[PDB]
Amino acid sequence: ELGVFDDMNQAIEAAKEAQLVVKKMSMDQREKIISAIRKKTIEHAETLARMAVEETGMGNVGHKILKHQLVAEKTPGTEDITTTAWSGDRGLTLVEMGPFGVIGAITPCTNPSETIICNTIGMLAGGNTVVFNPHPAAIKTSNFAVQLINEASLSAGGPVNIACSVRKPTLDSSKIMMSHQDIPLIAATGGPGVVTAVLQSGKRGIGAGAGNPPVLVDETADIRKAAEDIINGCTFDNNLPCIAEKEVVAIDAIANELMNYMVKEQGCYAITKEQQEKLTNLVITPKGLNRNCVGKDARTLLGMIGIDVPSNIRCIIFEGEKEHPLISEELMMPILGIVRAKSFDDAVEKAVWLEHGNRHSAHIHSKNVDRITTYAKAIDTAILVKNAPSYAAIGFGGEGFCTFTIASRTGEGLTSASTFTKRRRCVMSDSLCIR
C-alpha cells in the first residue's frame, strides 16, 4: 500500500527523503498537489465515510461525507504561509515561516481520515512531510486516506511518500516515533493520554486534547432556533466531534420552552429517571466509557436498553444536575442533559464546571452583548460559538477555516499550515528600504 510501511523506521526514512524535495518545491507546485488531494478527497468522500463507519462502528455516513467535503474545501493551503516585513533607514527585516521537516502525527478513531487529510494539506503547504501512527481501530480507513494522498501526489507528478504510515500501529511504533531524532515535532490528536505522552517526548508536541462542551441558553435567545441548532450540533456524526455540544445549561425561564421544542420539533426523546439509571449503567462501565456505545445513534442506544422509539428520534434528553454522569462526562453519544440555572451568574458557574478546565470548546445562545462577553471571558476556551451549532467553529456555516486538530492543551488553537512552521528572521542591514 502506497505510503504505508512495515515498520516505523522505514516510514520515517521515506518521509525524510520526500521532504528534501518538498522543501524546495514552489508554492505553485505544493498547491498543485494540495489541489489534487482536495479533488480526490471529494471524489472518494463516500468511500472514506462508509469505511470509517464499517471499521469503527461509530458515526454515520452522511455526516462523514460532509466532514470530508469541509476538509477539502476549507482546510488552508499555501495561502496560509505568510511573510512580514519591517523597513526603514536600517534596512529590511523579514520574518518567514520555514519547514520543521518530518512531522509525526497521532490520530483518532473518531475522525481518522479527516484528521490525516487535514493535517497533510497543512503540513505539506509549509514544506513538511508527515508520518502517521493511526488509531489501531481505524487503521484501514486511515491508511486508505494515506494511500489516496500519495495517489493524488503521483497524479501531480510526485513526489511519493509525502504522507507515510505503518501497516500495524502499536504503542511500540508510537514510541519509535516519539524518540526518533529525525522528528522535531509531533501533532497529537486525541485524549489526555496521548497529549501527555507527546509532551514527555523531548520534542515539541502540539496537544489537541479532550473536551466536554457546554451550551448555555439564556432568556434573550431565540429559543426555537436554539433547539434546532443545539440538536443539530450535538447529533452531528453521532456526537463524535470534540467540538460538539454535550450538555445544556438553560436559564429557568426558558428551559421548558427549549426542551418542548427539542421534543416536538427536533426528534428528541425525553427519558425518565428509571431510564436514565439504565442508560447510565450501559454506557459507563466498570472500565469506563463503553466503547460499544460511542458514536451510536439515539435510536440504537435506546434499543440497547429495551426502549422502542420511532425512527424520527435522533437525540436522548433529560433534565438533571451537572454532576450526573451522563452530563458531566464526555460520552461522544447523542445524549444531552439539560441543567437548569437560576440566574446567568449561576449558569456561567455551572458551564465552567462542566467544561472541566479543558479550555477546548463552549457555546452560547444569547442576543445580549454583555451576557456573551461575561461567558466568553469566564469559559476561556479555544472555541466559542454564539447562536449557531458547534460545527460553525470549523467553517460549517461560520466564518473561518477548517481544522480537525484543535490544540486545546498547548495553545495553538485551530491548527493550520502556519502552525507547523519555524519562524525565521532575516535582517538585510542598511539596504532594500525603497521609501
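Numbers for residues come from their place in the sequence shown, where the first is 1.
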When mean C-alpha B-factors in the record are compared for 83-91 and 200-208, the larger belongs to 200-208
So, looking at the entry's B-factor column for Cα atoms, which has the higher mean, 137-145 or 93-101? 137-145
Quick one: which of 387, 29, 56, 41 has the biggest Cα B-factor according to the entry? 29
Using the entry's values, work out which of 232, 343, 328, 113 has the largest Cα B factor. 343
Of the three thirds of its chain by CA temperature factor, lowest, middle or highest, which one includes residue 322? middle
Within-chain third of residue 337 by Cα B-factor, per the entry: middle
How does residue 228 rank on Cα B-factor within its chain, lowest, middle or highest third? middle
Where does residue 379 sit by CA temperature factor within its chain: lowest, middle or highest third? lowest
Taking the C-alpha B-factors as the PDB entry records them, is residue 65 in the lowest, middle or highest third of its chain? middle
